[PDB]
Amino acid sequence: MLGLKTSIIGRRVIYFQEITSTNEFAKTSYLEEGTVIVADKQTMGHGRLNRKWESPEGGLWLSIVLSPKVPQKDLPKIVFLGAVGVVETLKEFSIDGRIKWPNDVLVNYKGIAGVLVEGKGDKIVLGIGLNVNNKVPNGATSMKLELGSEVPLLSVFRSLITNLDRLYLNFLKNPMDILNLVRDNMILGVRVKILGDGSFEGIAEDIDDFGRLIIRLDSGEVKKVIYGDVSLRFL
């Protein structure tokens, strides 16, 4: 009854009034490629770095099951697919979102969406958490706060699924393309600090052909940061 016209993503959609986490369900269940798992709220949701994710009623919490048969050297790039999809959808609602490497989406430096990609055996689970009408934590934002008005949650879903499907079909044929879209929508040319072990600061110059963040330290040294399991702070 939803009348989705997508080719792969959204061929099937499993909706839950409440769930522990859409990513966990997608990982532990056999689902055909393109299946979207979505819930009004999550009781154990989280984003990258295991950051607890308040997923209250009003937001868009979903996961997509994918099994892209692309060269493995290109597989690591699906994380960006979600971020770019969110940016395209936000633009449709007159909101200018920018990507905070690797896959967070910000609006005026305030978090509005997060992407969590996990791999289980043969498939990849692309999780997205987008603040729409739900109340957000201090420092974060939402579509409702940005537009100062209620936003039809289903309208956002339709838009996002449509964009993700389009991006995914092209990724299957031209996997290098997504990096260019990421680059064109990412926050660059500003100072950042990579936290944790061997912490350092520098200018985030660009992302390379592998999606690594290229940082220029004050000394002139150039470091390439892997998208995995690191935290980044804007200075």
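Throughout, we count residues from 1 along the sequence that is shown.
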| item | value |
| --- | --- |
| Segment of higher mean CA temperature factor, 133 to 141 or 117 to 125 | 133 to 141 |
| Selected stretch [higher average CA B-factor]: 206 to 214 or 47 to 55 | 47 to 55 |
| Residue with maximal Cα B-factor (values as given in the PDB entry) among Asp96, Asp165, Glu88, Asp104 | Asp96 |
| Largest Cα B-factor, entry values, listed residues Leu147, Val84, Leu154, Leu160 | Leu147 |
| Chain third (lowest, middle, highest) by recorded CA B-factor, residue given as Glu33 | middle |
| Third of the chain, ranked by Cα B-factor, where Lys27 sits | highest |
| Chain-wide C-alpha B factor ranking for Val225, given as lowest, middle or highest third | middle |
| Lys173, C-alpha B-factor rank within chain (lowest, middle or highest third) | highest |
| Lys69 by Cα B-factor - lowest, middle or highest third of the modelled chain | highest |
